[PDB]
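**Student:** What follows is the file input_15.cif, containing mmCIF, C-alpha atoms and all ligand atoms:
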```cif
data_structure
#
loop_
_atom_site.group_PDB
_atom_site.id
_atom_site.type_symbol
_atom_site.label_atom_id
_atom_site.label_comp_id
_atom_site.auth_asym_id
_atom_site.auth_seq_id
_atom_site.Cartn_x
_atom_site.Cartn_y
_atom_site.Cartn_z
ATOM 1 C CA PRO W 711 45.491 18.395 -49.892
ATOM 2 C CA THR W 712 48.823 19.193 -48.281
ATOM 3 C CA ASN W 713 48.311 18.117 -44.606
ATOM 4 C CA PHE W 714 45.929 15.767 -42.771
ATOM 5 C CA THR W 715 44.054 15.160 -39.535
ATOM 6 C CA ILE W 716 43.411 12.190 -37.249
ATOM 7 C CA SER W 717 39.847 12.054 -35.936
ATOM 8 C CA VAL W 718 38.352 9.744 -33.299
ATOM 9 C CA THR W 719 34.577 9.234 -33.389
ATOM 10 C CA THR W 720 32.021 7.352 -31.292
ATOM 11 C CA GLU W 721 29.169 5.001 -32.204
ATOM 12 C CA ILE W 722 26.678 3.467 -29.751
ATOM 13 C CA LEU W 723 24.538 0.363 -30.394
ATOM 14 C CA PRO W 724 21.994 -1.623 -28.344
ATOM 15 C CA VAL W 725 22.641 -5.350 -28.139
ATOM 16 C CA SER W 726 20.058 -6.787 -25.751
ATOM 17 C CA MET W 727 17.109 -6.061 -23.481
ATOM 18 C CA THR W 728 15.673 -7.416 -20.228
ATOM 19 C CA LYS W 729 14.344 -10.956 -19.824
ATOM 20 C CA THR W 730 11.003 -11.408 -18.067
ATOM 21 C CA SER W 731 8.613 -14.172 -17.047
ATOM 22 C CA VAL W 732 4.924 -14.034 -16.140
ATOM 23 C CA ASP W 733 2.876 -16.332 -13.914
ATOM 24 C CA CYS W 734 -0.557 -16.627 -15.515
ATOM 25 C CA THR W 735 -2.554 -17.792 -12.491
ATOM 26 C CA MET W 736 -0.951 -15.380 -10.032
ATOM 27 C CA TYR W 737 -1.618 -12.406 -12.305
ATOM 28 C CA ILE W 738 -5.192 -13.378 -13.199
ATOM 29 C CA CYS W 739 -6.616 -15.101 -10.118
ATOM 30 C CA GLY W 740 -4.148 -14.415 -7.315
ATOM 31 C CA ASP W 741 -4.266 -17.318 -4.816
ATOM 32 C CA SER W 742 -8.019 -17.769 -5.189
ATOM 33 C CA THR W 743 -9.624 -21.200 -5.433
ATOM 34 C CA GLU W 744 -12.971 -20.111 -6.869
ATOM 35 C CA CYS W 745 -10.897 -18.489 -9.579
ATOM 36 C CA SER W 746 -8.131 -20.679 -11.045
ATOM 37 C CA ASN W 747 -10.820 -23.337 -11.094
ATOM 38 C CA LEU W 748 -12.914 -21.221 -13.461
ATOM 39 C CA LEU W 749 -9.615 -20.484 -15.224
ATOM 40 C CA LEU W 750 -9.318 -24.137 -16.167
ATOM 41 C CA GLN W 751 -12.300 -24.322 -18.526
ATOM 42 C CA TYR W 752 -10.626 -21.610 -20.563
ATOM 43 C CA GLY W 753 -8.058 -22.789 -23.063
ATOM 44 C CA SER W 754 -4.271 -23.022 -23.274
ATOM 45 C CA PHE W 755 -3.609 -19.287 -23.219
ATOM 46 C CA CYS W 756 -0.921 -19.635 -20.546
ATOM 47 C CA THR W 757 1.536 -22.161 -21.970
ATOM 48 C CA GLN W 758 1.535 -20.345 -25.310
ATOM 49 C CA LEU W 759 2.511 -17.110 -23.538
ATOM 50 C CA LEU K 513 -34.104 -2.163 3.269
ATOM 51 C CA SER K 514 -31.208 -0.234 1.713
ATOM 52 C CA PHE K 515 -27.705 -0.848 3.037
ATOM 53 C CA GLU K 516 -24.166 0.176 2.062
ATOM 54 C CA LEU K 517 -20.681 -1.269 2.558
ATOM 55 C CA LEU K 518 -17.706 1.099 2.659
ATOM 56 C CA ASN K 519 -14.509 1.908 4.561
ATOM 57 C CA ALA K 520 -15.984 2.633 7.987
ATOM 58 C CA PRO K 521 -16.856 0.796 11.219
ATOM 59 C CA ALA K 522 -19.655 -1.743 10.959
ATOM 60 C CA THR K 523 -22.905 -0.982 12.777
ATOM 61 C CA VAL K 524 -25.262 -3.911 12.045
ATOM 62 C CA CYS K 525 -23.797 -7.322 11.272
ATOM 63 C CA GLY K 526 -24.932 -10.873 10.640
ATOM 64 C CA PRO K 527 -25.172 -13.770 13.080
ATOM 65 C CA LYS K 528 -21.803 -15.435 12.477
ATOM 66 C CA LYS K 529 -19.625 -16.571 15.366
ATOM 67 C CA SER K 530 -16.054 -15.290 15.571
ATOM 68 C CA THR K 531 -13.014 -17.466 16.254
ATOM 69 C CA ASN K 532 -9.312 -17.260 17.059
ATOM 70 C CA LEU K 533 -6.615 -15.427 15.115
ATOM 71 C CA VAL K 534 -3.910 -17.497 13.395
ATOM 72 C CA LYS K 535 -0.753 -15.663 12.348
ATOM 73 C CA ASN K 536 2.125 -16.559 10.012
ATOM 74 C CA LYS K 537 0.131 -19.221 8.167
ATOM 75 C CA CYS K 538 -1.820 -19.586 4.934
ATOM 76 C CA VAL K 539 -5.465 -19.195 5.942
ATOM 77 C CA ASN K 540 -8.751 -17.942 4.610
ATOM 78 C CA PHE K 541 -9.936 -14.946 6.595
ATOM 79 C CA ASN K 542 -13.223 -13.084 7.003
ATOM 80 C CA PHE K 543 -12.784 -9.629 8.569
ATOM 81 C CA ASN K 544 -16.090 -7.740 8.858
ATOM 82 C CA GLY K 545 -17.481 -9.510 5.818
ATOM 83 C CA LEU K 546 -14.292 -8.946 3.805
ATOM 84 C CA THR K 547 -13.027 -12.343 2.668
ATOM 85 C CA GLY K 548 -9.584 -13.283 1.457
ATOM 86 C CA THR K 549 -6.716 -15.754 1.454
ATOM 87 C CA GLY K 550 -3.137 -15.304 2.561
ATOM 88 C CA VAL K 551 -0.688 -14.959 5.430
ATOM 89 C CA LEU K 552 -1.457 -12.697 8.390
ATOM 90 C CA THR K 553 1.473 -10.993 10.118
ATOM 91 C CA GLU K 554 1.850 -7.943 12.318
ATOM 92 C CA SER K 555 2.759 -4.605 10.754
ATOM 93 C CA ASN K 556 3.128 -0.887 11.483
ATOM 94 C CA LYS K 557 1.073 0.911 8.811
ATOM 95 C CA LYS K 558 -0.763 3.267 11.158
ATOM 96 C CA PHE K 559 -4.273 3.992 9.883
ATOM 97 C CA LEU K 560 -6.748 6.814 10.305
ATOM 98 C CA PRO K 561 -9.125 6.571 13.288
ATOM 99 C CA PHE K 562 -12.016 5.316 11.138
ATOM 100 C CA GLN K 563 -10.100 3.417 8.453
ATOM 101 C CA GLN K 564 -10.759 -0.326 8.361
ATOM 102 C CA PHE K 565 -8.540 -1.589 5.529
ATOM 103 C CA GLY K 566 -5.964 -0.244 3.117
ATOM 104 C CA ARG K 567 -5.278 -1.284 -0.461
ATOM 105 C CA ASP K 568 -2.224 -0.856 -2.683
ATOM 106 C CA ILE K 569 -1.486 0.387 -6.206
ATOM 107 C CA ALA K 570 -2.822 -2.817 -7.793
ATOM 108 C CA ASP K 571 -6.215 -2.260 -6.076
ATOM 109 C CA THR K 572 -5.784 -5.346 -3.899
ATOM 110 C CA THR K 573 -6.196 -5.333 -0.132
ATOM 111 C CA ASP K 574 -2.858 -4.846 1.623
ATOM 112 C CA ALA K 575 -3.604 -4.271 5.312
ATOM 113 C CA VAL K 576 -6.617 -4.828 7.550
ATOM 114 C CA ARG K 577 -7.657 -3.886 11.086
ATOM 115 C CA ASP K 578 -8.715 -6.518 13.599
ATOM 116 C CA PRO K 579 -12.240 -5.645 14.793
ATOM 117 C CA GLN K 580 -12.105 -7.004 18.346
ATOM 118 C CA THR K 581 -8.563 -5.889 19.267
ATOM 119 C CA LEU K 582 -7.865 -2.736 17.268
ATOM 120 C CA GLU K 583 -4.526 -3.955 15.920
ATOM 121 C CA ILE K 584 -3.260 -3.577 12.358
ATOM 122 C CA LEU K 585 -2.274 -6.635 10.315
ATOM 123 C CA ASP K 586 -1.074 -7.017 6.740
ATOM 124 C CA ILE K 587 -1.625 -9.641 4.068
ATOM 125 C CA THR K 588 1.009 -11.226 1.831
ATOM 126 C CA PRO K 589 0.493 -13.856 -0.876
ATOM 127 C CA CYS K 590 0.830 -17.549 -0.137
ATOM 128 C CA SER K 591 2.659 -18.169 -3.425
ATOM 129 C CA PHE K 592 6.389 -17.845 -4.051
ATOM 130 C CA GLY K 593 6.827 -17.229 -7.757
ATOM 131 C CA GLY K 594 10.553 -17.341 -8.424
ATOM 132 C CA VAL K 595 11.398 -21.055 -8.313
ATOM 133 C CA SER K 596 13.162 -22.827 -11.195
ATOM 134 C CA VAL K 597 13.988 -26.519 -11.577
ATOM 135 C CA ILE K 598 17.293 -27.609 -13.125
ATOM 136 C CA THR K 599 16.892 -31.090 -14.566
ATOM 137 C CA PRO K 600 18.704 -33.422 -16.937
ATOM 138 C CA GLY K 601 16.492 -35.547 -19.158
ATOM 139 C CA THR K 602 13.782 -37.368 -17.154
ATOM 140 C CA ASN K 603 14.832 -40.344 -19.395
ATOM 141 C CA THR K 604 18.405 -40.377 -17.957
ATOM 142 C CA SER K 605 17.573 -39.762 -14.269
ATOM 143 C CA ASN K 606 14.991 -38.413 -11.823
ATOM 144 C CA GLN K 607 17.192 -35.905 -9.977
ATOM 145 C CA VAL K 608 16.651 -32.146 -9.901
ATOM 146 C CA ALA K 609 18.108 -29.010 -8.381
ATOM 147 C CA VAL K 610 16.094 -25.993 -7.260
ATOM 148 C CA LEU K 611 16.904 -22.299 -7.701
HETATM 149 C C1 LIG W 801 50.132 20.176 -40.465
HETATM 150 O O1 LIG W 801 49.224 20.535 -39.442
HETATM 151 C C2 LIG W 801 49.740 20.450 -38.136
HETATM 152 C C3 LIG W 801 48.578 20.745 -37.216
HETATM 153 O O2 LIG W 801 47.661 19.664 -37.366
HETATM 154 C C4 LIG W 801 50.894 21.407 -37.982
HETATM 155 O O3 LIG W 801 51.488 21.100 -36.727
HETATM 156 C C5 LIG W 801 51.655 22.285 -35.945
HETATM 157 O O4 LIG W 801 52.853 22.992 -36.205
HETATM 158 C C6 LIG W 801 52.778 24.294 -35.648
HETATM 159 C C7 LIG W 801 54.020 25.037 -36.107
HETATM 160 O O5 LIG W 801 55.137 24.164 -35.918
HETATM 161 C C8 LIG W 801 52.672 24.169 -34.135
HETATM 162 O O6 LIG W 801 52.627 25.482 -33.572
HETATM 163 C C9 LIG W 801 53.484 25.544 -32.417
HETATM 164 O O7 LIG W 801 52.741 25.679 -31.207
HETATM 165 C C10 LIG W 801 53.556 25.648 -30.036
HETATM 166 C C11 LIG W 801 52.664 25.771 -28.808
HETATM 167 O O8 LIG W 801 51.704 24.710 -28.818
HETATM 168 C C12 LIG W 801 54.567 26.783 -30.091
HETATM 169 O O9 LIG W 801 55.417 26.717 -28.943
HETATM 170 C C13 LIG W 801 55.409 26.672 -31.351
HETATM 171 O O10 LIG W 801 56.306 27.783 -31.428
HETATM 172 C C14 LIG W 801 54.492 26.674 -32.561
HETATM 173 O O11 LIG W 801 53.803 27.925 -32.659
HETATM 174 C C15 LIG W 801 51.384 23.419 -33.828
HETATM 175 O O12 LIG W 801 51.155 23.241 -32.429
HETATM 176 C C16 LIG W 801 51.495 22.050 -34.458
HETATM 177 N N1 LIG W 801 50.331 21.250 -34.143
HETATM 178 C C17 LIG W 801 50.485 20.002 -33.719
HETATM 179 C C18 LIG W 801 49.245 19.260 -33.324
HETATM 180 O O13 LIG W 801 51.588 19.496 -33.651
HETATM 181 C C19 LIG W 801 51.914 21.052 -39.040
HETATM 182 O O14 LIG W 801 53.012 21.957 -39.014
HETATM 183 C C20 LIG W 801 51.303 21.127 -40.413
HETATM 184 N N2 LIG W 801 52.326 20.734 -41.342
HETATM 185 C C21 LIG W 801 52.427 21.294 -42.534
HETATM 186 C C22 LIG W 801 53.228 20.522 -43.543
HETATM 187 O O15 LIG W 801 51.899 22.362 -42.781
HETATM 188 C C1 LIG W 802 -14.548 -7.531 22.284
HETATM 189 O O1 LIG W 802 -14.616 -8.673 23.120
HETATM 190 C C2 LIG W 802 -13.384 -9.240 23.504
HETATM 191 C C3 LIG W 802 -13.786 -10.425 24.349
HETATM 192 O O2 LIG W 802 -14.825 -9.927 25.184
HETATM 193 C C4 LIG W 802 -14.742 -10.539 26.481
HETATM 194 O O3 LIG W 802 -15.701 -11.586 26.598
HETATM 195 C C5 LIG W 802 -17.045 -11.140 26.414
HETATM 196 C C6 LIG W 802 -17.984 -12.336 26.474
HETATM 197 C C7 LIG W 802 -17.410 -10.109 27.473
HETATM 198 O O4 LIG W 802 -17.331 -10.695 28.777
HETATM 199 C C8 LIG W 802 -16.437 -8.951 27.377
HETATM 200 O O5 LIG W 802 -16.701 -8.002 28.412
HETATM 201 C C9 LIG W 802 -15.028 -9.484 27.545
HETATM 202 O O6 LIG W 802 -14.118 -8.385 27.445
HETATM 203 C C10 LIG W 802 -12.561 -8.215 24.254
HETATM 204 O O7 LIG W 802 -11.252 -8.744 24.484
HETATM 205 C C11 LIG W 802 -10.910 -8.774 25.886
HETATM 206 O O8 LIG W 802 -10.294 -7.564 26.307
HETATM 207 C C12 LIG W 802 -10.057 -7.551 27.709
HETATM 208 C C13 LIG W 802 -9.532 -6.196 28.140
HETATM 209 O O9 LIG W 802 -10.637 -5.290 28.167
HETATM 210 C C14 LIG W 802 -9.089 -8.652 28.076
HETATM 211 O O10 LIG W 802 -8.869 -8.620 29.486
HETATM 212 C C15 LIG W 802 -9.712 -9.969 27.671
HETATM 213 O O11 LIG W 802 -8.820 -11.042 27.972
HETATM 214 C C16 LIG W 802 -9.973 -9.936 26.180
HETATM 215 N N1 LIG W 802 -10.564 -11.204 25.816
HETATM 216 C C17 LIG W 802 -10.207 -11.855 24.717
HETATM 217 C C18 LIG W 802 -10.842 -13.199 24.532
HETATM 218 O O12 LIG W 802 -9.416 -11.392 23.914
HETATM 219 C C19 LIG W 802 -12.426 -6.979 23.396
HETATM 220 O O13 LIG W 802 -11.808 -5.960 24.172
HETATM 221 C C20 LIG W 802 -13.769 -6.441 22.984
HETATM 222 N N2 LIG W 802 -13.506 -5.403 22.021
HETATM 223 C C21 LIG W 802 -13.631 -4.106 22.256
HETATM 224 C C22 LIG W 802 -14.895 -3.464 21.773
HETATM 225 O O14 LIG W 802 -12.759 -3.472 22.814
HETATM 226 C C1 LIG W 803 16.507 -43.324 -22.735
HETATM 227 O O1 LIG W 803 17.403 -44.203 -22.074
HETATM 228 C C2 LIG W 803 17.513 -45.443 -22.764
HETATM 229 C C3 LIG W 803 18.274 -46.442 -21.912
HETATM 230 O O2 LIG W 803 19.530 -45.862 -21.591
HETATM 231 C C4 LIG W 803 18.186 -45.226 -24.110
HETATM 232 O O3 LIG W 803 18.210 -46.525 -24.716
HETATM 233 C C5 LIG W 803 17.358 -44.236 -24.925
HETATM 234 O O4 LIG W 803 18.027 -43.865 -26.137
HETATM 235 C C6 LIG W 803 17.055 -42.969 -24.119
HETATM 236 N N1 LIG W 803 16.116 -42.138 -24.854
HETATM 237 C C7 LIG W 803 16.158 -40.801 -24.844
HETATM 238 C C8 LIG W 803 15.018 -40.094 -25.522
HETATM 239 O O5 LIG W 803 17.069 -40.176 -24.316
#
```
Could you write out this structure as structure tokens?
Ligand SMILES: *[C@@H]1O[C@H](CO)[C@@H](O[C@@H]2O[C@H](CO)[C@@H](O[C@@H]3O[C@H](CO)[C@@H](O)[C@H](O)[C@@H]3O)[C@H](O)[C@H]2NC(C)=O)[C@H](O)[C@H]1NC(C)=O
Ligand SMILES: *[C@@H]1O[C@H](CO[C@@H]2O[C@@H](C)[C@@H](O)[C@@H](O)[C@@H]2O)[C@@H](O[C@@H]2O[C@H](CO)[C@@H](O)[C@H](O)[C@H]2NC(C)=O)[C@H](O)[C@H]1NC(C)=O
Ligand SMILES: *[C@@H]1O[C@H](CO)[C@@H](O)[C@H](O)[C@H]1NC(C)=O

**Tutor:**
Amino acid sequence: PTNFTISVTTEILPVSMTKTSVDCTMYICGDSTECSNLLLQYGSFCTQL
Amino acid sequence: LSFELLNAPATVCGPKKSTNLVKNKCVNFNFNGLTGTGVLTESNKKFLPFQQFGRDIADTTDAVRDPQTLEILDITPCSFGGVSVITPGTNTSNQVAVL
């Protein structure tokens, strides 16, 4: 080669996503007392989430 | 006897005595045999002439019509679900902050 060129290029990368939290009783029962008292003889499927 | 329950005015009803309306409080309510829990406040969601209640996208009741005084009300949950507790170790101290 006898001459050259300067080239500027672009690269795009994800770094992070959104952070969420879920309330187990409010999603399942929803301020019911008949429910959320039946959802107490089920196991620990709400701390593990 | 064959009966149906759907979004329309009630014709024949059971022998239960009505009571007073309590607003802006967490109460159980029974409107025309439709039971629920929550806070009753006034609203503006104008209904159809026959419509008794209206649901939302999650298929949960959102607004209801008072049977005796034909006035719309709406229902919001009793639970606030965005509270977080900043604490040092419970060993060191028993003080917290709330967000
Ligand atoms: C290596 O390549 C570069 C281009 O990357 C050459 O630079 C270019 O030189 C030419 C001739 O001098 C310039 O043309 C001029 O254009 C202006 C109008 O823009 C005009 O008024 C002048 O009379 C002339 O025609 C050209 O623009 C210039 N390019 C850049 C970016 O500067 C360079 O000469 C090459 N070198 C070798 C060793 O071949
Ligand atoms: C449904 O009834 C309420 C209360 O009825 C009143 O008491 C009954 C025993 C009987 O005497 C009715 O004729 C009475 O109206 C009605 O609410 C009343 O509305 C009137 C205006 O028409 C008002 O002056 C009264 O103060 C209201 N009373 C109360 C306690 O709110 C209501 O209008 C009736 N619903 C219908 C079908 O419109
Ligand atoms: C709790 O506090 C005591 C008394 O200051 C200290 O001796 C102990 O190491 C602490 N334990 C923990 C788990 O922080």

**Student:** Compile the contact shell of residue 595 (chain K) as a PDB file with C-alpha atoms, in the frame of the given file: residues with an atom at most 12 Å away, counting only C-alpha atoms, same-chain residues fewer than 4 positions apart removed.

**Tutor:**
```pdb
ATOM      1  CA  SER W 731       8.613 -14.172 -17.047  1.00  0.00           C
ATOM      2  CA  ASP W 733       2.876 -16.332 -13.914  1.00  0.00           C
TER       3      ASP W 733
ATOM      4  CA  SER K 591       2.659 -18.169  -3.425  1.00  0.00           C
ATOM      5  CA  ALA K 609      18.108 -29.010  -8.381  1.00  0.00           C
ATOM      6  CA  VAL K 610      16.094 -25.993  -7.260  1.00  0.00           C
ATOM      7  CA  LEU K 611      16.904 -22.299  -7.701  1.00  0.00           C
TER       8      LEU K 611
END
```

**Student:** Run the PyMOL selection byres (((not hetatm)) within 7 of (chain W and resi 801)) against the file shown and list the residues it catches, as a ChimeraX atom specification.

**Tutor:** /W:712-715

**Student:** Convert the current residue selection to file output with C-alpha atoms, as a PDB file, keeping the file's coordinate frame.

**Tutor:**
```
ATOM      1  CA  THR W 712      48.823  19.193 -48.281  1.00  0.00           C
ATOM      2  CA  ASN W 713      48.311  18.117 -44.606  1.00  0.00           C
ATOM      3  CA  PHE W 714      45.929  15.767 -42.771  1.00  0.00           C
ATOM      4  CA  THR W 715      44.054  15.160 -39.535  1.00  0.00           C
TER       5      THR W 715
END
```

**Student:** In terms of the shortest atom-to-atom distance over all atoms listed in the file, which of W:717, W:728, W:740, W:752 is closest to chain K?

**Tutor:**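 Counting all atoms listed in the file, the residue closest to chain K is W:740.
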
**Student:** Which distance in Å separates atom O8 of ligand LIG 802 (chain W) and CA of residue 531 (chain K), to one decimal?

**Tutor:** 14.4 Å

**Student:** Any idea which chain K residues end up within 10 Å of chain W if we count only C-alpha atoms, as a PyMOL selection string please?

**Tutor:** chain K and resi 540+548-550+572+589-594

**Student:** Compile the contact shell of residue 584 (chain K) as a ChimeraX atom specification: residues with an atom at most 12 Å away, counting all atoms listed in the file, same-chain residues fewer than 4 positions apart removed.

**Tutor:** /K:543,552-561,563-566,574-580

**Student:** As lines of an AutoDock Vina configuration file, please report the centre and edge lengths, rounded to one decimal in Å, of the axis-aligned box that holds all listed atoms of region 734-748 of chain W with 5 Å of padding on each of the six sides.

**Tutor:**
```
center_x = -6.8
center_y = -17.9
center_z = -10.2
size_x = 22.4
size_y = 20.9
size_z = 20.7
```

**Student:** Taking all atoms listed in the file and a cut-off of 8 Å, can you tell me which residues surround ligand LIG 803 (chain W), written as a count of residues only?

**Tutor:** 3

**Student:** Please expand the PyMOL selection byres (((chain K and resi 520-527) around 7) and not hetatm) into the concrete residues it hits in this file, giving the result as a PDB file with C-alpha atoms, keeping the file's coordinate frame.

**Tutor:**
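After the write, expr-v7.pdb holds the following:
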```
ATOM      1  CA  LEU K 518     -17.706   1.099   2.659  1.00  0.00           C
ATOM      2  CA  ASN K 519     -14.509   1.908   4.561  1.00  0.00           C
ATOM      3  CA  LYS K 528     -21.803 -15.435  12.477  1.00  0.00           C
ATOM      4  CA  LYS K 529     -19.625 -16.571  15.366  1.00  0.00           C
ATOM      5  CA  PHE K 562     -12.016   5.316  11.138  1.00  0.00           C
ATOM      6  CA  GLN K 563     -10.100   3.417   8.453  1.00  0.00           C
ATOM      7  CA  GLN K 564     -10.759  -0.326   8.361  1.00  0.00           C
TER       8      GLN K 564
END
```

**Student:** Find the residue from K:581, K:588, K:530, K:544 that sits nearest to ligand LIG 802 (chain W); use all atoms listed in the file when measuring.

**Tutor:**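 So, comparing all the options, the nearest one is K:581.
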